Amino acid sequence: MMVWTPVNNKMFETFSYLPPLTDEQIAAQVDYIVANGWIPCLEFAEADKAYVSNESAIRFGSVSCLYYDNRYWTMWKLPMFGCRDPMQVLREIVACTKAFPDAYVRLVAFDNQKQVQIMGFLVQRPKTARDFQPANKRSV
Amino acid sequence: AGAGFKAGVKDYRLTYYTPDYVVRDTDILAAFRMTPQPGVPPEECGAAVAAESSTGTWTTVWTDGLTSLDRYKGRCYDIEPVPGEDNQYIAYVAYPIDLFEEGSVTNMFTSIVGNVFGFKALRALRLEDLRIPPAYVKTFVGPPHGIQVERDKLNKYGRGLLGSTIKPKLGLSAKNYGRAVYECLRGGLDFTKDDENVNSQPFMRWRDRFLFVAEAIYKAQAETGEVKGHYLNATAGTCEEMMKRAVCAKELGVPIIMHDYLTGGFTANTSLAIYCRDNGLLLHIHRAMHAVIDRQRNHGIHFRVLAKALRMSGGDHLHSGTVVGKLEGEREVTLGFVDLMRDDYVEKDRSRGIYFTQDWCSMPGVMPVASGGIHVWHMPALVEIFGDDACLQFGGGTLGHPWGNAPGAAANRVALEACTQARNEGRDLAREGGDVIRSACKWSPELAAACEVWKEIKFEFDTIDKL
Amino acid sequence: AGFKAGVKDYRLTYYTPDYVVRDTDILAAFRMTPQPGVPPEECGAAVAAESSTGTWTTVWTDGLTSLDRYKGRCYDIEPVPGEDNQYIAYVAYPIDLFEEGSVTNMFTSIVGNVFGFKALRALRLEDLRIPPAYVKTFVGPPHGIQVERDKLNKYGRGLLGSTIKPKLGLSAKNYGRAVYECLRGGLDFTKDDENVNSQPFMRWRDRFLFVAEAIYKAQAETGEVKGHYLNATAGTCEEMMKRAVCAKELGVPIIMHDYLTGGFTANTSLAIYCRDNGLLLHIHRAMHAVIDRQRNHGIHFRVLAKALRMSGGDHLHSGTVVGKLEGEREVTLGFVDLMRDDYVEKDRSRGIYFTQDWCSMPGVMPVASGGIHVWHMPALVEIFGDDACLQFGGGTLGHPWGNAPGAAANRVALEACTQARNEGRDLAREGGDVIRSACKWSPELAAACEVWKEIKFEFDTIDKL
Amino acid sequence: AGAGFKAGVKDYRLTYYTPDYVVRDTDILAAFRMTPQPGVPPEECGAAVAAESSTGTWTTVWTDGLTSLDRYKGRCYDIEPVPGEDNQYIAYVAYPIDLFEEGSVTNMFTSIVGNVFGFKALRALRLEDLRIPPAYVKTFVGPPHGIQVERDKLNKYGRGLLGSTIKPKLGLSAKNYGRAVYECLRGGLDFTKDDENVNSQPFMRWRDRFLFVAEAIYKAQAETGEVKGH
Amino acid sequence: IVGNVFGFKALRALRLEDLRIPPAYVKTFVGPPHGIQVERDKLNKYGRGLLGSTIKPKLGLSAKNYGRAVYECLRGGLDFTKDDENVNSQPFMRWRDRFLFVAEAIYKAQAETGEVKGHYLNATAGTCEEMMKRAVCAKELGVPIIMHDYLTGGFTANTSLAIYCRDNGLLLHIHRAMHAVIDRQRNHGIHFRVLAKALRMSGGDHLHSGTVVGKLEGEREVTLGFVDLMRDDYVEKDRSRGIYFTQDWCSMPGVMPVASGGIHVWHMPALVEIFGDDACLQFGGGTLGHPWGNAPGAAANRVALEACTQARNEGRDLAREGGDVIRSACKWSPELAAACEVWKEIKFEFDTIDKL
Ligand SMILES: O=C(O)[C@@](O)(COP(=O)(O)O)[C@H](O)[C@H](O)COP(=O)(O)O
Ligand SMILES: O=C(O)[C@@](O)(COP(=O)(O)O)[C@H](O)[C@H](O)COP(=O)(O)O
Ligand SMILES: O=C(O)[C@@](O)(COP(=O)(O)O)[C@H](O)[C@H](O)COP(=O)(O)O
Ligand SMILES: [Mg+2]
Ligand SMILES: [Mg+2]
Ligand SMILES: [Mg+2]
Ligand SMILES: [Mg+2]
């Protein structure tokens, strides 16, 4: 019996329970965005603004249901409307992580017919983050 | 003289069988699978169903002359023989939009299925489909949030949601409930839930549970850094109790409650849906009791109609069946009503049991929930059938893991994410499904432990509700 | 015993043939049709498990509680005579499983999921034994038969009513006109059709007002108390309550609710409102036959009738036996006793699987309605006796001379039969003679006798014992 | 390379003039009598009206790409010249039913007549007619009673109803108001009325009026045997 | 005053040009919930015009995308964003989802910039009860400001809303949707100055005033006239500005004019010159149409406003040197330069209909 650790084991939604994505794996996910005609976009956040929190609720009456701070991250430039080139997306990931090397950065994509984000996963976490475990240190 | 009052009995077909009628775009349409008694013509049987679900009774009444029967009568406008059946017919009935109370599923059901199923003159009757016109759809508040909004509130994209029902069904204390909830959530499940029959009982009172569950939710959310929720059951014996439970959830600031809409009822459910809209709670709908109504091919109401009824009454999730699990649900039948639950516009398609083109006129979609007798080896098939816009629930498949709830949850989460990644990379889950799972059991000890326990477990039986 | 992960048979935990049922247990009789290759014992044990504590694989959390204390138990399996693959499975549920006062909860456990199991082909709930200890947790009927008769000052005969027709399409003013003419001719009650709620052609509050005018006019004209079942059935609990409240403020005696289409949660709420405000509550069973018609699958009406008595209602539709809607005689006499009596002994020739003790909970007035007319009166009086309401929609508004003569015809018929029975005449043998003597005396009755003389509803019964 | 974001101003007609559009039965339709400024083509002017009453503004915005403009945009689908006029056109606009708040006339007016009448690029604009589709009509409670029910509650049939506004418009006391009301109602009128500007004023407070009028209504009703109102 | 007379057969046309509201009648009104001084004090914003932006497209955006666009606008230098006048509650976006996502966006921007932020949440609704429900949710979210469409919602509802705002501490932004149906033609209707006086009595903290230079009509002298009527305590008769009567407001709070519609960075000098500091300048397309997105768009408008304000404070004449101030600023700021380039040639110059 192995024990899932509650200490410094924070996750990051889709794909965070899998081995970290290789560059070939990231490229495959980008190919999937372009093949489906979805709109790629990059978002980023400093470490203090990366995880869901509650601080604003101090101002509230009884209306905190489904309100969380830090859901919104900051948009890198604009969504890539009309982009059908996967290499162009990869080049923006590089440019974004270069501009903000200490930020969390995620790749998302939008479907404009459903008007919803249709996919999303982390592509960079800061090197100083100590609040996560590698796959093989997740249980003890 | 013209047409006067003549007392006495005449055939229903003289007034209510109208094969030349061109349906209006505001008419509600019903498709009934009808089995007449011997010596009852199909035309008379269809006319009787039309009549007694709209304006007519068994003998002529004088009061018809004060109104316009042409304007208000239901009309059996088409009768289709059923292939493979000696004595079964699809009778099509059109109802003027004027017959129905705006925003009331209760009233729609009372007319269309109220008395006709008990007529001596038929042996069996089944409502297969309903065409709800946009003009009537627009009179409903509908789902409190719907799929897009739910995903936006939860900040969850790119995969199915994962859940689990706490077990045993009954008999756990409020403190043990919260303990199990916390261990499930912390392992990677997005939601847990009260069992459909967990309301308030001598072994655990509701408000004790809500409090311990809130503690569990917030602990897992702080631990994992992901938004978590637990479908707290607001189902109750009275509207006043139900509302009390919803109010407590609002005051705890938790994201989501549940309702058993058939055993609680449409009048209570609509009220709860409106409360959830006004207070920003997600509403998970359990379909307890549906199979009493929708199992048999010859008699009852097909689930696709009960699913349409729910979308009107209000619900962010509805249970949809698993296809591969312990409870019945044929693949093609299921894919049909999932589209009816989720999509804005569904074209007639009889190979999936869709008798009418249905236009939802932008009423939000309902998240289908796959639940019951499913485990890790079912994952590829589930993701293939449902896609990302679904919640997949594992009660036994989580609490039955040899290492406990958190490893159980992580096994399920690893399975889901591996399948989603494989599909995204262009792999066919219908065929490479076992390979994806095997490669994943080899990588993850938690997943391997689950794979070993449930390897031989399948649910393969003759289907009752066949097309 | 430790935690062992994995699937095992349900029968290892949930089939307990040596179990002695407790007097506080809820009992259920399921008519069960297993898939080929599934033993009856395993199928019954699966029904007991999935409607109480169990799921499809072993869970560790059972060890934290006491499964013996809480589990449902299949304690007896009976073969069905005349059937190759049908069984009656008897399940016992600890009283601890159930929310006090909630019919909704009881249904959710007992009929929640088990009917959709792949491992069975069909399932029907035939009967429930509701123990006194659970019955007492329910408010129950707002008034019940004795109180209703006392408030209405009506004794010594069946009550007479009528559903206004056409079902839909009449204006509020025409609705009240029809009501006034029915009531003034001898009927005690008229009613909104089940599907008359609030519609483009007639809004509810307009109806309530015109109907109140009609009730009061007919009451002043006849000198007898009158009422009209005003439909409170609505889309939401808030609308339903708004309609109940308006009836309260008009001072009228009675409202109605469609308890299956509205639901148990709304119905219980309404029944408590009626109790606290002194309104009688007529219950319409719209939708029941979707659930209760077929012998092989669903829930028998007697269980839906028990549920209503617990949930609350002063009247419940019972079927006619002889009218346009199905209802076998022996089956109907069975659940009528379950609706009205304090104590009903087990009697399989009437579909009663369990002795039922209602522990002083008030009885519900049966309402016979649907395709009935003057010639049915001897049969109705013989089947139901005085404690019933007999409703004639078409049988009143279909009279050649209009509503008042139609009402008078039905009232004459009912009183003639009542008098004849009181004098020692056997209505089963002399019923035709009673009606004929009455059609000869009363021109209103004669006109109705002539129109419907040849009209019968005789078909093969689907819901057979 | 697909359709991307291009910043800047372009003609409204490129997006909002759709002369081959087949109107849906759920669309709200508007008929505008339009007088363009000199040098503005009727097509551009009709397109501007359609745009700025639905989804558009004066320059291209990037957020269009996140949604479906095809689904939501107003559409000028027909432009009719006015006979007898040099510079007047009937422009016909279709609005998807999704644009409107259910049950709100306020919201319908805010979109359709909100800003467009003040545009520099037109000299005059008149809204002539609206087609309200059944699907939108059904979202409104509508009239409390309506003609049939009114006649049924008042028990008045076979003739027009007769009324009268009390005069002088302002300046009468509550007591004199009810006195005038009683004398009108008793003579054969079904109704009397408050003048539109009679609300609650220093010469007569409302509740004093309501009481004296109620007295008057009931006295005339008893006197004549006919239902009266004010 | 306007009830029946405009329909009389004996006249061909009638227009109400002005009303003299006496102090004795003015004093019977609750009036604006806060007014200019109080608004600036609560917002802690002094020494420049306020900057805002309407979210676009007008309709069609989801609640999540709405808040996303709001957060990007506010974080770049705008004080306010706003619901478009016709954004209420619709199938594409229900009001309470929008309110919640907008609150998140407001608080994120405020934390990120260190300046107070707001977004005029639209309370306009079909019924008074629905309008109140929306006001109550804004109150419970602790956000600063709501809006109402006073002519399409109506005076009775508006006055009720204003009183609610006074009693609960919300600022009230008034949109004048439908005014031009009534006030455009010289021969017939009611002049906007009367509609603006009515609003100051009914209650509002902001009222749309027109731009003079933008896509919608508003003659300079006319506009300066009613802007004084909105803001000042005492305005003397002045027919060259369309003021027919001396108006004494007897200490009733002043209403902040809002200049909005077809305006961009090049208009900034003219806007600052016409309105001065006690105004809000709104840029919908002028923010969301910037080639680099909302935040750079917001920064461009903020730089332009601050450059003009600084120049005026230094004694420069914005009427004569306005272009020089903007050019010096586009040279310094890349965000501004990108805006300057896109809208350089864009002007709205047409024959005026509502002439004095
Ligand atoms: O009570 C149960 O059995 C479940 O909690 C599943 O438990 P397990 O996950 O442990 O099987 C669900 O309520 C059923 O799936 C409902 O059926 P459906 O979705 O068909 O309505
Ligand atoms: O709608 C009808 O058909 C009735 O009004 C009867 O009308 P008539 O009197 O004109 O036949 C009753 O609702 C049915 O009897 C209900 O059946 P049940 O009592 O079996 O539930
Ligand atoms: O809907 C619009 O057009 C605006 O949002 C401006 O958008 P842009 O900034 O994109 O032009 C404003 O509501 C109008 O300015 C109102 O006009 P006014 O202030 O004259 O009443
Ligand atoms: Mg369950
Ligand atoms: Mg009926
Ligand atoms: Mg007048
Ligand atoms: Mg606007």
Side-chain angles (χ1 to χ4, degrees), chain B residues 52-58 110-111 114-116 118, chain C residues 161-168 190-196 229 231 256 258 282 284-286 317 324-325 367 369-371 391 393-394, chain D residues 9 48 51-61 63 110-111 114-120, chain E residues 52-59 81-87 120 122 147 149-151 173-181 183-184 192 195-196 206-212 214-218 223 257-264 267 280-289 297 301 346 348:
Chain B
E52 292 267 0
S53 71
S54 72
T55 53
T57 193
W58 63 275
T110 303
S111 277
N115 296 329
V116 299
Chain C
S162 175
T163 313
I164 304 306
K165 300 296 170 176
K167 296 172 73 65
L168 304 171
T190 43
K191 70 187 278 305
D192 284 358
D193 228 317
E194 73 283 327
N195 60 347
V196 169
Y229 320 152
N231 215 153
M256 73 180 278
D258 311 338
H282 174 93
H284 192 279
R285 57 177 191 172
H317 284 239
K324 70 188 181 191
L325 302 133
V367 179
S369 164
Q391 279 166 16
Chain D
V9 176
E52 297 263 2
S53 65
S54 70
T55 57
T57 191
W58 66 277
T59 189
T60 299
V61 297
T63 40
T110 304
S111 279
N115 297 330
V116 292
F117 287 74
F119 260 65
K120 279 180 177 174
Chain E
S53 170
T54 311
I55 304 308
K56 305 287 170 185
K58 298 177 72 65
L59 307 165
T81 40
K82 76 185 274 304
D83 286 356
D84 229 315
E85 75 284 331
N86 54 353
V87 169
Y120 323 149
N122 208 161
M147 71 181 278
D149 312 340
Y150 81 117
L151 295 163
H173 174 86
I174 304 299
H175 193 280
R176 60 174 189 173
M178 206 190 176
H179 80 101
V181 168
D183 76 19
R184 180 88 188 267
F192 184 66
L195 303 174
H206 299 174
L207 177 61
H208 288 233
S209 68
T211 58
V212 186
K215 72 195 186 187
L216 302 127
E217 198 174 86
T223 302
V258 183
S260 158
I263 49 164
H264 54 76
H267 301 301
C280 185
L281 318 172
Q282 280 171 10
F283 298 89
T287 300
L288 287 96
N301 291 130
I346 305 300
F348 301 93

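We count ligands from 1, going down the list as the structure has it; atoms in each ligand are counted the same way. Lettering of chains follows the sequences in order, A, B, ..., and the numbering in each one begins at 1. The analysis underlying the following values was restricted to heavy atoms, covering all of them including side chains, and did not include hydrogens, waters or symmetry mates.
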Which is the closest N/O/S atom of E:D84 when seen from the Mg ion (ligand 7)? OD1
When you measure from the Mg ion (ligand 7) to each N, O or S atom of E:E85, which atom gives the shortest distance? OE1
To the closest 0.5 Å, what do you measure between [atom1] ([X]) and [atom2] ([Y])?
X: C:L168; Y: C:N195; atom1: CG; atom2: CG; result: 4.0 Å
X: E:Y150; Y: E:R176; atom1: OH; atom2: CZ; result: 8.0 Å
X: E:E85; Y: E:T54; atom1: CD; atom2: OG1; result: 7.5 Å
X: C:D193; Y: B:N115; atom1: CG; atom2: CG; result: 7.5 Å
X: E:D83; Y: E:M147; atom1: CG; atom2: CE; result: 6.5 Å
X: E:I346; Y: E:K215; atom1: CD1; atom2: NZ; result: 13.0 Å

In terms of relative ring orientation, are E:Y120 and E:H173 parallel, tilted or perpendicular, with 30° and 60° separating the classes? parallel
Just to check, does E:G262 reach to within less than 4.0 Å of ligand 3 when the distance is taken from its heavy atoms? yes
Distance to 0.1 Å, residue and atom name: give those for the protein heavy atom nearest to [atom].
atom: atom 7 (O) of ligand 3; answer: E:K56 NZ, 3.2 Å
atom: atom 6 (C) of ligand 3; answer: E:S260 OG, 3.6 Å
atom: atom 17 (O) of ligand 3; answer: E:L216 CD1, 3.4 Å

Under 3.5 Å, is there a donor on one side chain and an acceptor on the other for C:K167 and B:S111? no
Heavy-atom proximity to atom 3 (O) of ligand 3, best of E:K215, E:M178, E:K58, E:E217: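 Answer by nearest heavy atom: E:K215.
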C:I164 side chain reached by C:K191 side chain, heavy atoms, under 4.5 Å: no
Can you find a pair of side-chain heavy atoms, one from E:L216 and one from D:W58, that are under 4.5 Å apart? no
Show me which atoms of ligand 3 lie under 4.0 Å from any heavy atom of [X].
X: D:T57; value: 7 (O), 8 (P), 10 (O), 11 (O)
X: E:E85; value: 1 (O), 13 (O)
X: D:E52; value: 3 (O)
X: E:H175; value: 13 (O), 16 (C)
X: E:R176; value: 18 (P), 20 (O), 21 (O)
X: E:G285; value: 8 (P), 9 (O), 10 (O)

Counting only heavy atoms closer than 4.0 Å, does ligand 3 sit against the backbone of E:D84, its side chain, both, or neither? side chain
Test your reading of the model: is there a side-chain donor-acceptor pair from D:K120 to the backbone of E:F348, 3.5 Å cut-off?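 At least one qualifying donor-acceptor pair exists.
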[X]-ligand 3 polar pair, N/O distance under 3.5 Å:
X: E:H208; answer: yes
X: E:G284; answer: yes
X: E:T54; answer: yes

